[PDB]
Structure formats: C-alpha cells, structure tokens
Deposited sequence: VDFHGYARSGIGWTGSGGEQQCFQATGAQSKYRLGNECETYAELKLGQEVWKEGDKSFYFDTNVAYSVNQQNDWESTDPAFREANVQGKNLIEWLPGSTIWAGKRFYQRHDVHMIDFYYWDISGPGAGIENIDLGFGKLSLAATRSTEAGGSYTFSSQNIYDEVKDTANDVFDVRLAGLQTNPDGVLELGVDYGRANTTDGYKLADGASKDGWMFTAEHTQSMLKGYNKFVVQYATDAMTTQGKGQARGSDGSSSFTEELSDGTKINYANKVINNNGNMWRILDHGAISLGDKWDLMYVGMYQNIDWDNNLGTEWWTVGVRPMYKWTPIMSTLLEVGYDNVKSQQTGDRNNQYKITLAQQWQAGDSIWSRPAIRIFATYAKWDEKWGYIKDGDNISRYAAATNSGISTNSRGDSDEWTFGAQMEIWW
C-alpha cells in the first residue's frame, strides 16, 4: 500500500491575547500562509498499483481529508472523501502512453504554494483520457462535475415553483501541454466549457448565466534550479465565480416562501475575469532559495459587484545548514470593490526559524517557530446581513454593517509543522 498525503498542524498565540489569529484581506481570495494558518488540515492518501502486465497497469488511489480547529485533543469532524479513482495506463493500443481514468480525482491542479491559491482546479467526480501523444505535445481530455445548492425549479406559473433541486454543472476540459516554445521553455494551453445541466422539468430562475468559458495559457521556464511560470487566464460568465475552471451556472439564485414558492431573479455572474499571474521558485547560490508571486485578477461583473485584486509577495530562504534555515515572508494585497470603488489593503511580514528534511525551500517535513505581523486598512466590506455576508459592499464609514476589519494591527507567533509525503 502506498501512503501519501499532506498535513499541517501547530499551536499559536496572538500578541494582544488568546489563540493565534489569521490575516486575510477582505475581498482577497487568499492569504500569505507562512505563520498564517490557523487549522490542522490533513489529507491521507492510500493507493496501490493493483495490476501490472508489461507496460499496462491499473493504479487505485484514494484521499480522505480532515480539517479540525486544533483547539483540543478530541476534535470530532466530518471527513471529506475527496478521491477514489482508477487509472489504467497503456490500455488503449492506438493511443500509446495515454491513461484512461474514472472516479473522484484531484485532476491536474495548478496552484501557487505560498498563498495556497489554486488557479486551475476542475477536481471532482469525473473521467477522461490523458497524455495522448501528439508528437509536438500531449493532449488530455476530461469531464468533471460540481453541483450548486438549489437553482433548479419546477415552475408552475411565472416564478412560482413547486420544487427546487440542486443544479449540476458539467465542465469539459481540453489541454495541450509540453509545447516547446523556446530553450528550457514550455507552454500549455487549456480550454474549459462549463454549463448548468438541469433535470427534465426543472429550469433555472430568470437571469441565470447558465454557461461560460475559460482559457488558460501557462509558460514554464526552467532556470536557477527552479522555474518561473507565467499565466494568463480569461474566464467568462458562469466560469467567473469559482474562477478555477469549475462552472457556477445558477450562481445568484434564491427564493422565498410565504406556502407559495417564489424564485427571485438570479443576481448572476455574467461578466468576465482576467488573471495575469507570475510565480516561481529558484535558487540564488548555495545559501539562498526564493519563492515569489505577482498577480493581477479582475472580476468584471455586469452587476458591478466584482473586485480588482493585486497581490505581491516574496519568500526568501537562508540556509544556515542543510537542515536549518531562516525564512522570511512578505506579502501585500490590494482589493478594489467594483461596486463602491474603495480599496482594502494589507501587508504581512513573517519571520520564521525552521528545521527541514532537506536543503530546499520545497523540503518537507518542516518544523517552524515564527512571529507574524500584519497591518491592514480596509475601507470597504461586504454588508453583513446579521451573521450572513451579502454580495453587496459598503464603505466602512457608511453606517452600514460590513465584515470589514477596519484600520488595524496585529502580531502572532507559534510553532507549526507541515509535511507532504
């Protein structure tokens, strides 16, 4: 049996008192993680190559994920059964090298480690065939599914309905990778088409976006014993909410009963998204490693409820010895509410001493002792409709109740382990 996974766990304190607190700019879809993670998260994978005969083989893989608040010993939870798929290599004679697979699977996810941000993730129940050799590149095709809560109604008259149902969203993914564009440079192109797929009799409320597209281009350049990846993505309509390749075609639906059922007009995600990203990890000599990110993401919604986000961070690593190093992480976020036009910003500085299994910025396990400082100035926030956060923003100064954190300061510190095996 093959045992693999990922896990992080630790104990922390907030300067002003109590447990460690984590800092994320309101409106931002991520945070700089070093010394800024407040939960124990673990994915335990058990898999096995269940059959092999020549060049043909079947691999079985699973993944059970646990997320607990690390505030006590006994902490009950509802694990997420995230993967359970079979992959058969070389089964299709005329498509030598291709792999066919079916089941829940983390499918070719693309992420930026330091901000724990996935920018291309269509994972979920699915099937497909990958690595079809085209000579000049490798072609992969896949179809996965995600479902939204509600959104499908059996309308009797007008917008009055008898029943609701969860809406399934299908994604059809095509990728071409390994395009040798320049020396030590490679390019991958990808197209994603997603659409809400309603059961017979059910229909989406008026205004639902229903479908959308997403185009991805990623260039990888090998250098300084690492790489640099340049990404450009453009998503449209239904693909803008999740923004990683999954469709949210009924996003914005809602209803109210009085008992007559009324399906409100969908406050949809019609619009577009532009994401220009550049991140990498390289070695500057013998004593220094460096991870960095620079990203501009603009979700332009027709309903004007989007956000313009800029994020920049840097994580240098100084290697005192092969198993001990000092890390520093500095990250800046700036989010402009499309609605109010105001801006929220935050910068966090983290200094950590670390012992790790290897001399790389990528070596894990790692045991860290850190101190984090974050300063933010948030001018807007989402209107907090009593414990519920709304899609609408409002300036903090307006008497309206928002989830804004205002203008403040904080520092935390503690120990933590992180590992992938």
Review point. What's missing from the model if you number the deposited sequence from 1?
Key: 259-264
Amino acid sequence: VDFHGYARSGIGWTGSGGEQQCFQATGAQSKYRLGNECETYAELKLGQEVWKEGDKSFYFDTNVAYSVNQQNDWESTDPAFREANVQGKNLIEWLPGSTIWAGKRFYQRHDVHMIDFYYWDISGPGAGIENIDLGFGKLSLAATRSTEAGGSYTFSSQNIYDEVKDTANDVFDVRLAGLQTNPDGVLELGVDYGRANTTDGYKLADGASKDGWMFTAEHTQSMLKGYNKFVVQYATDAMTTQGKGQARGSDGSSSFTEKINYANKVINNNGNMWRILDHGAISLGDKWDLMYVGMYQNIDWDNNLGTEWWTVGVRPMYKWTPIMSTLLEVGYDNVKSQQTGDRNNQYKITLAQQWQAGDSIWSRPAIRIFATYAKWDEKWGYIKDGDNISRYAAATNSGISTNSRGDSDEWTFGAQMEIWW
From here on, numbers count along this sequence of modelled residues.
Exercise for review: Between 49-57 and 33-41, name whichever shows the higher mean Cα B factor according to the PDB entry.
Suggested key: 49-57
**Study point:** 381-389 versus 362-370 - greater average Cα B-factor per the deposited record
**Key:** 381-389
Check your understanding: So among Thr241, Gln233, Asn131, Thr307, who wins on Cα B-factor in the entry?
Key -> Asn131
**Study point:** Options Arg82, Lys265, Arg145, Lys210 - largest CA temperature factor per the record
**Key:** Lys265
**Study point:** Entry-reported Cα temperature factor of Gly12, expressed as the chain third it lands in
**Key:** lowest
Study note, to complete from the structure: Assert third(CA B-factor, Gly280) within chain per record equals middle
**Study point:** Entry-reported Cα temperature factor of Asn69, expressed as the chain third it lands in
**Key:** middle
Check your understanding: Against its chain's modelled residues, does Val186's Cα B factor rank lowest, middle or highest third?
Key -> middle
Practice item. Please rank the C-alpha B-factors of the chain's modelled residues and tell me whether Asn334 sits in the lowest, middle or highest third. Key: middle
